[PDB]
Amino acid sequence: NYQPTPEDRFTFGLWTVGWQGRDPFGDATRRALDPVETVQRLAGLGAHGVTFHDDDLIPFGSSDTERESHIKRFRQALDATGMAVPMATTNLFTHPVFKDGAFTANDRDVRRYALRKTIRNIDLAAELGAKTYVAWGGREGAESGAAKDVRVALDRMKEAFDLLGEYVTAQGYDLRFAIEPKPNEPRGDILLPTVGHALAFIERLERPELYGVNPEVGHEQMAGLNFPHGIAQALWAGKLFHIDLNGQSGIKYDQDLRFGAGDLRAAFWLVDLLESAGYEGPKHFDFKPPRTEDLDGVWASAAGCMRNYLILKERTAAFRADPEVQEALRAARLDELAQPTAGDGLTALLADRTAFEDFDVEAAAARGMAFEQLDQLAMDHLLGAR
């Protein structure tokens, strides 16, 4: 059985299964969903919780009276189901006012409203229990080269994040922020386009420890990059506070496909890394069930997300448990890459003649890497052909 138990820590966004199918060239094919219904039906599927946008839970223009009730209805649903809200975020992209940006919009009033919209939802995620607030600067970018000065916009993004962290520190909320990076769509080019680009911005902030990254599979495969390597660098820096799982079939529009689909081998490697690294955070799914589907094909696609990750857990664990693989990893000197290069020091490395004058480049170049053998061992494990 590859069934999900809330111990698997699988989370979905209200907007995932809720996607009504309105694409750029077509209209909606599915009706709108209730947040309460989604929490309930996602619970019988084995999920651990749900994440949300402000605009997903509280309609825009809603009075405070309507707001409190939309929340009370949602909390009674989470309480009665057992669901969690590990993460929250702000729609700072859908409304026409967020056309040129939110935090980096050329118009100051817009910037100032984006901050107020976000601070309000931060307050909500605090009382609901969320430990991470994600930010996706989807509109923070341009289609022309003189419409935004990146240098000056990175100043307005720093300000906003450092203001949002001055509020969390003042309030005493147990929240840490996570930047979701995308290279294009909805804007032509987005600011902070990669995991590395956001990881750098963080170290230029005032309280860099409150900020981290929320990487998405297809957001990096949209740029031709290896998401597992990106997760590795963010792990290597301690800045994987959240992750978004899905599928992407090339360098094209953001498909937001179910996990496992797209590049299957890269999903095998992703599960290998997270499980070797001990990722104890939410495994969040940001997929858009295709507009050709109905509500039954919506829940089927959310169960496949969970089933596919679980099948990969079993295949990636069986792969590292295999003595044949463990011997092949040793054949490929992966054990010797964890050995420090110059623990003797620079002075003693500079006196090693065996590291230069008495080194046989030619014997060493003749040494094969045995990488092809290790890789077919992986493919047969992924396939269950062992």
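All residue numbers refer to positions in the sequence shown, first residue = 1.
Between 79 to 87 and 266 to 274, the higher mean Cα B-factor belongs to 79 to 87.
As listed in the deposited structure, the average C-alpha B-factor of 108 to 116 and of 275 to 283 is greater for 275 to 283. For the set 252, 197, 239, 73, the maximum C-alpha B-factor listed in the entry falls on 252. When the C-alpha B-factors of 293, 203, 220, 314 are ranked from the entry, the top spot goes to 203. Annotation for residue 18: C-alpha temperature factor in the lowest third relative to the rest of the modelled chain, per the entry. Annotation for residue 162: CA B-factor lies in the lowest third of the chain's modelled residues. Among all modelled residues in this chain, the alpha-carbon of residue 49 has a temperature factor (C-alpha) in the middle third. Residue 336: CA B factor lies in the highest third for its chain, per the PDB record. When the CA B factors of the chain's modelled residues are split into thirds, the value for residue 58 lands in the highest one.
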